[PDB]
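return atomic coordinates for the entry below.
(7 chains)
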Amino acid sequence: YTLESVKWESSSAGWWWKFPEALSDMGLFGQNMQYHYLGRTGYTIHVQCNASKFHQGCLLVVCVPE
Amino acid sequence: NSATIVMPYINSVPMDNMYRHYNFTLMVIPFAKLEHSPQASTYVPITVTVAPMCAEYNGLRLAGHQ
Amino acid sequence: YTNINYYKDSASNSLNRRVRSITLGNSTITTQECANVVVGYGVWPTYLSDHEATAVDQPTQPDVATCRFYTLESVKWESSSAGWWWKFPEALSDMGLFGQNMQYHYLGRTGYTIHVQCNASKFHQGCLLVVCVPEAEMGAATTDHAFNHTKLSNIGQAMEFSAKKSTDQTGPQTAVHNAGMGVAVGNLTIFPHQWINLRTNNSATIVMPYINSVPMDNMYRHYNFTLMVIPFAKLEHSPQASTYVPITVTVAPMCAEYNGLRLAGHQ
Amino acid sequence: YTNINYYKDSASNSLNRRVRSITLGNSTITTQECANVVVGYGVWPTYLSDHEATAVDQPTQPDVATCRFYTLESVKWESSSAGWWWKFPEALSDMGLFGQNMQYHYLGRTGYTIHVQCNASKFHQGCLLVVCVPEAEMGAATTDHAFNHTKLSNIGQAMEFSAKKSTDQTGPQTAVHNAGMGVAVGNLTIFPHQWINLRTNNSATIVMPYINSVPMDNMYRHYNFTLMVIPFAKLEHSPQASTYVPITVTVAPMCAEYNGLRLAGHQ
Amino acid sequence: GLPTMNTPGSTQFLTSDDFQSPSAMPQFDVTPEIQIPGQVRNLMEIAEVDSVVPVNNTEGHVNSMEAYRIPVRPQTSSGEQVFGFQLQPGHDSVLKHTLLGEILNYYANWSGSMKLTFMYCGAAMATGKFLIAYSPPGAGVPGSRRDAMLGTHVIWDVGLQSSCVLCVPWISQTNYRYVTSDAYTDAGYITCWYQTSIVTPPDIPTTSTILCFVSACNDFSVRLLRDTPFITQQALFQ
Amino acid sequence: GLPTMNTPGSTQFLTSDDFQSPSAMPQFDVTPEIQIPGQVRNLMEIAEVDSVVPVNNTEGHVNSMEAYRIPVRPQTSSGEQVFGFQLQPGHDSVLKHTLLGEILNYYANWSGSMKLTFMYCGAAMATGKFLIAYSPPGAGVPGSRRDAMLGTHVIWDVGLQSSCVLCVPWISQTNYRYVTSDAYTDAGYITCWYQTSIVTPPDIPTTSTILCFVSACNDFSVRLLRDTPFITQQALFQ
Amino acid sequence: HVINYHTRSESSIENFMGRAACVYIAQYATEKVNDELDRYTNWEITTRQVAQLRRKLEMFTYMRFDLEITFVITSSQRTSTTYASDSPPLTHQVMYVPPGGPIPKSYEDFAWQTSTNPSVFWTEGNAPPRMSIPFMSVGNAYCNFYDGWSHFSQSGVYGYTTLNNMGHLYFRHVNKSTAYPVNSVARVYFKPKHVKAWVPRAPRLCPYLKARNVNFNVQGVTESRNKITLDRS
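Numbers count the residues shown, from 1 in each chain, chains lettered A, B, ... in the order given. You can find the structure just below:
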């Protein structure tokens, strides 16, 4: 499920997405959440950001429980 | 150019309600800021693509989430 | 009878000469008094095999969320009441996670089990006919005029017949003795059917398989079968008895598969 | 399907139901970066067998003097440049001891290897299509009018296409999207072809066998195949980059035989 | 003689019968065949090789080489669409005159999976991703990257690979689909959206070019031979 | 060539012959059949399932649902008749438009035993008996319960069972009987008389309803195929 | 899986090529009104008059097919003042002249009474006259496309027409005269059987102009549309 796209600038501090609230409306995953009391799931996160050889910068992609 | 994280289900209970509890958050923080020449391409976007893995549900009732 | 074949093709040849409950999901109906369960054309509803399944995408089978007993509305049986019809899967199009899987999937193959329940006393009399008709192409009321898709079947509403004929300009011919198909209503006993005789029966349970010419079909433009409840003997009682005798339909999809996952329909 | 044959003839029957270099002679091209070598219709160029060879004279096979790498001219790739075509063996008719054996011999059978080389930088962009078309009977520019043998192919000169159409009275129709044959230029990917993508490829190597209906044919009145280099993505760079990007063709005959030794042609 | 009897259908000329005939010139000594390279034994072997699709066929680009020249560029906001066409080979005027399209038009039924191949003909220093998505017919056509992510899709980086293959899977209710496409046998929509961007270092031109080829997979087959509705003539050519 | 000779009956088109023909489209790849449920292999399998007979067809009850609604009631003197019809399927206008009747009308001969099934759709507290009797043709038709007790009969209580089956036996001089019934191949008379009464406790409606179904037994067979005298048209439908 | 099916039998070469395609419509008469519709017409054999079969062959470069020739010869009565005349049945003759042989210089010449050129006699009313010819060539394949010249000096004739010497075909009425003129029409139906096709070719886009060369007009590669990106929800 491909989420939205955000803009990296020089004066840009960071972002956070809280799960499974970020997937709560997408496809038949968010439809099973409305009809069911409990739910157990794991995820796979693929953060993609391409640039050139003349760009420089370093991101930190961290998954924080609780 | 990318980052791929695969997170399991980390919680104290085996199955939990997913409409009042944020299991984990995903933080993308730049430590080294984006820098380029003013002639380069200035719009560098960041796209997040996420996929649930081994999702189970229990307690079938009518639609939430009141 | 020399039986020689001059040509190379096959089509160029000659002629060929109590307690019995049903627990589906988190749902239980009760009961049949060891009476009977009519199943289809002798065929139990199964899944798709590999001689079939022209699609290449992997099927989606939820098996619990979609395959439980869904209780439809309740209709009122009167003396001057002609009949009713529900067209499937349009009648289940909005119920639970079954109607939610239909919006996100192009194809869909499913069988059903129909439990029509109507109780009375020993002092009531009457007889219903519960029949499941595949491919009931109905005739329009005003001929040479096209007719609307909400006159054939609303979403889960019980469309009703009429004692007289229908002079509508945009609906189907609802004369109940012609059964909407131009056919004699006494001859609808070919299709999988069961009577509800109010002195002995109290219920009817039909289990229909997937009957279609293609192995998987879109379920938002094609009515697979309709379910007609027609009283042949009318409801009669004394004026001191209970006058409100309702009819409840409880239906459940069996072995539902889906293919072609895309965004929500149904444009 | 009785499958009996009444007549004695067969035609009266029914239907049937880095460092990878190439050292050819005293000549070496370099290199392919372990990329690819497209060979013909899967057939390597070989000699004539004895089921073939209707001629009785003994063949002349020089194997060193004629079968080395012959570097043709260099053409200039621009942004408003449509394409080029070379017709073989007319393009090799004057080079070395290969073009000298053609004048003294009536028949001739040969295969080739085509090495189209065009280098650029990482800041250039563009894509060429190098295709070898057998029997490309071209259409005249002015219809109902015959057209000259020096408009189809000069001796080794690179005849070029045009972006617009051609209104010439004695030449071929050089509209590049019709490719001179009245055919859609996107569908020329049946013939043995290879792309030159300027970001990854840098070269193209095609090895064509002898494709003709007769085992040996006169090479002074019949164009065996043409070689078309058509840019599909045009050459683009900054105005500070190097503007002159040339394209050199290097071709070499493989397994050349000749028959019918007489005086010099080609009257 | 032998008593025979004439079944109906005699002294008729069906143009697609399979009978023998008396030869005009008998005892003919035909010329011996040679090993001419590249022999083709089926019409699907022609249809299994690529042919670049004229996607940018907006007028009047079809009279030039710019019909094959799908343009991309650095964006301002992501998620935008690059191109898009219907999956109607033989009828849709994008992939009708390709090599797969001119073969189905001699037929009246097709079935099997199609294969789309791309080729980014840009600079060697530019980087970006795309979202090439097939959507089943259903309802309706997607109008966003958020909508055309629920169907079949792949993600294609141009900094890693230059060519991407998208096997369009065969999803239908019928075993065959009609070439002259009607409403009953729909096939769906192919779209391509910006996943991130096109990012480039300085001194590189902005507008780039993507080529697109169409082919057939191994499970492709056609039926019900007919004549093509492309050529027309009234009098005999002279 | 081979000396042949043309027997009479050549270059004729009999509409019921069995000959081969040259195929128009050869080498056709047909679609593979699937397991569609409920396949029928004979026309008698349709005629062996029940269909409720419109016995109460006195005008104008045939335009409503009251045609299937044979009425009974508490009597004053017993022995009275309930209903009665002739045993002429395919010709008598009671059991002509049933499911057995519409199949014999495609034929010109029938033979075998018919099966009549009843279903008393009354209250659960009412009790009574009937005398359902078949009478062979002979002479003549019975006009009393005393007369229609000498033939084939059964006795059906509605307090014990709700459904009664009366296998009408095949008694004839010929092996087949004509569907369009003439005087020579008569078949007889079906009648139904009150054996005792209809007795009911208070607060129950008087007039009740009996349904009647007709089917075919295992020894049923038909011959001499023809076209039905039911449909009519003059011009082609447009 | 799904297991699969749908054999490619109709995509074969012989099932695509073997169909009785009309190649030429010969026209002749009994009373000569003018030229054409004179008695005694003729036609040198080429398969590049009708655009339907011509495009089928021109997807392959070299062919090696046998042939099956069928004629559909019908006749109409010419317009005049009266029509009432009893007439015997018309007999038709179709003579095949090999490359180089002697031709009938007119009607009633003795080339129709020859001993070598095969001829098919046929009265009107019977089944159509069908005959077969083998692979007539001097090379080893039928060159559909020949990119070269006819003379060694690179002059004279450009195109495939140098490698086309299949012969001729002469049509006439056998009967001496009719009381009222009758115009006949003979349609030649080629059917290529036992086909071997070697080098595949890209199919023709723009329609043909002449029966001897591949001259064409410039056409766009496909039909157009409004915008590149389709859009609706």
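
if the residue lying closest to residue G:197 once chain neighbours are set aside is in a bridge, with which residues?
Closest residue in space to residue G:197, ignoring its immediate chain neighbours: residue G:60 at 3.9 Å, by CB to CB, 6 or more residues apart in numbering or on different chains. All C-beta spots, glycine's among them, are computed from the backbone N, C-alpha and C. Beta-bridge pairing of residue G:60, defined through DSSP bridges, involves residue G:200.

from memory residue G:60 sits against residue G:196, does it?
No - the criterion here is CB atoms under 8 Å, and residue G:60 misses it with residue G:196 at 9.4 Å.

more neighbours: which of these two?
Relative neighbour count places residue G:60 above the other of residue G:60 and residue G:196, with 24 against 19, counting by other CB atoms under 10 Å in any protein chain shown.

quick one: contacts for that one?
Contacts were defined as CB atoms under 8 Å, 6 or more residues apart in numbering or on different chains; by that measure residue G:60 touches E:40, G:144, G:197-201.

7 Å instead?
G:144, G:197-201 (CB atoms under 7 Å, 6 or more residues apart in numbering or on different chains).

for residue E:100, same thing?
The neighbours of residue E:100, taking CB under 7 Å, 6+ apart as the test, are E:47, E:51, E:89, E:214-216.

weed out the non-buried ones from those.
Among the contacts of residue E:100, those scoring as buried are E:47, E:51, E:89, E:214-216 (criterion: 16 or more other CB atoms under 10 Å in any protein chain shown).

next step: the residues you listed restricted to helices.
Per DSSP state H, helices hold no members of the buried ones among the contacts of residue E:100.

nearest to chain D, of those?
Among those, residue E:51 lies closest to chain D (CB to the nearest CB), at 5.0 Å.

that closest one and residue E:99 touch, don't they?
Yes - taking CB atoms under 7 Å as the definition, residue E:51 is a contact partner of residue E:99 at 3.6 Å.

which residues are in contact with both of the two?
Shared contacts of residue E:51 and residue E:99, counting by CB under 7 Å, 6+ apart, come down to residue D:187.

name the SS class of residue G:183, please.
strand (DSSP: H, G, I helix; E, B strand; the rest coil).

just give me the neighbour total for the closest residue to it other than its chain neighbours.
In this structure, residue G:183 finds its nearest non-sequential neighbour in residue G:29, 4.5 Å apart by CB to CB, 6+ apart. Counted with other CB under 10 Å, the neighbours of residue G:29 add up to 23.

equivalent analysis for the one 5 residues further on, please.
Other residues within reach of residue G:34 by the criterion other CB under 10 Å amount to 7.

ramachandran angles for residue E:127?
The phi/psi pair for residue E:127 (degrees, to the nearest 10) reads phi -140, psi 140.

that one reaches residue A:51, doesn't it?
Yes - with contacts defined as CB under 7 Å, residue E:127 counts as touching residue A:51 at a distance of 6.4 Å.

shared neighbours, the two?
With contacts defined as CB under 7 Å, 6+ apart, the residues adjacent to both residue E:127 and residue A:51 are residue E:199.

just to check, residue G:158 is in contact with residue G:149?
Yes - judged on CB under 7 Å, residue G:158 makes contact with residue G:149 at a distance of 6.1 Å.

the two: who's more crowded?
Neighbour tally, residue G:158 and residue G:149, criterion other CB under 10 Å: the higher count belongs to residue G:158, 25 against 21.

any idea how far the more buried one lies from chain E?
Residue G:158 sits at a distance of 17 Å from chain E (criterion: CB to the nearest CB, to the nearest Å).

and the helices in chain E?
Defined through DSSP H, the helices belonging to chain E, from first to last, are E:101-104.

which residue is nearest the centroid of chain A?
When chain A is reduced to its mean C-alpha position, the nearest residue by CA atoms, centre = their mean turns out to be residue A:17, at 5.5 Å.

and the residue nearest to residue E:19 when sequence neighbours are not counted, what does it touch?
When the adjacent residues along the chain are set aside, residue E:19 lies closest to residue D:14, with 6.8 Å between them (CB to CB, 6+ apart). The contact partners of residue D:14, taken as CB under 7 Å, 6+ apart, are E:18-20.

what sits against the residue nearest to residue E:39 when sequence neighbours are not counted?
If the residues on either side of it in the chain are set aside, residue E:39 comes closest to residue G:198, at 5.0 Å by CB to CB, 6+ apart. Residues near residue G:198 by CB under 7 Å, 6+ apart: E:36, E:38-39, G:60-62, G:141.

again, only using 6 Å
In this structure, residue G:198 makes contact with E:36, E:39, G:62, judged by CB atoms under 6 Å, 6 or more residues apart in numbering or on different chains.

what about residue G:126, how many residues nearby?
Residue G:126: 9 surrounding residues under other CB under 10 Å.

A strand includes it, no?
No - using three-state DSSP, the secondary structure at residue G:126 is coil, not a strand.

what distance do you get for it to residue C:148?
60 Å (CB to CB, to the nearest Å).

any idea what residue A:61 is bridged to?
Here residue A:61 sits in beta bridges with residue B:28, as judged by DSSP bridges.

would you map the helices across the chain?
I went with chain A, as the question did not name one. Counting by DSSP H, chain A has helices at residues A:27-34.

that's the wrong chain, I meant chain G
Counting by DSSP H, one finds helices in chain G at the ranges G:13-17, G:51-57.

out of these, which is closest to chain B?
Using CB to the nearest CB as the criterion, the shortest distance between chain B and the helices of chain G is 46.2 Å, found for helix G:13-17.

pretty sure the residue nearest to residue G:183 sits against residue G:39.
Yes - counting by CB atoms under 6 Å, residue G:29 does reach residue G:39; the two are 5.5 Å apart.

what number of residues lie near residue G:69?
Residues lying near residue G:69 (other CB under 10 Å) number 22.

typo on my end, residue E:184
Neighbours of residue E:184 under the rule other CB under 10 Å: 10.

relative to chain B, how far out is it?
Residue E:184 sits 35 Å away from chain B when distances are taken as CB to the nearest CB.

residue E:95 too?
29 Å.

likewise for residue E:6?
Applying CB to the nearest CB, one obtains 72 Å for the distance of residue E:6 from chain B.

tally of neighbours for that residue?
Burial measure for residue E:6: 13 neighbouring residues, criterion other CB under 10 Å.

correct me, but it touches residue F:10?
Yes - applying CB under 6 Å, one finds residue E:6 in contact with residue F:10, separated by 3.8 Å.

so is stretch E:207-215 next to chain A?
No - when contact is scored as CB under 6 Å from any CB of the partner chain, no part of stretch E:207-215 falls within range of chain A; the minimum is 13.7 Å.

is any residue of that stretch near chain B?
No - using CB under 6 Å from any CB, no contact is recorded between stretch E:207-215 and chain B, whose separation bottoms out at 12.1 Å.

got the buried residues for that stretch?
Counting neighbours by 16+ other CB under 10 Å, one finds that the buried residues in stretch E:207-215 are E:208-215.

may I have that stretch as PDB, with CA atoms only?
The C-alpha trace of stretch E:207-215 is given here as PDB (Å, rounded to 0.1, in the frame of the first residue of the first chain):
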ATOM      1  CA  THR E 207      12.500  16.600 -20.900                       C
ATOM      2  CA  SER E 208      13.400  12.900 -21.300                       C
ATOM      3  CA  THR E 209      11.900  10.100 -23.300                       C
ATOM      4  CA  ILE E 210      10.400   6.600 -22.500                       C
ATOM      5  CA  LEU E 211       9.900   4.000 -25.100                       C
ATOM      6  CA  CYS E 212       7.200   1.300 -24.700                       C
ATOM      7  CA  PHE E 213       7.000  -2.100 -26.400                       C
ATOM      8  CA  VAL E 214       4.200  -4.600 -26.600                       C
ATOM      9  CA  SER E 215       4.500  -8.300 -27.100                       C
END
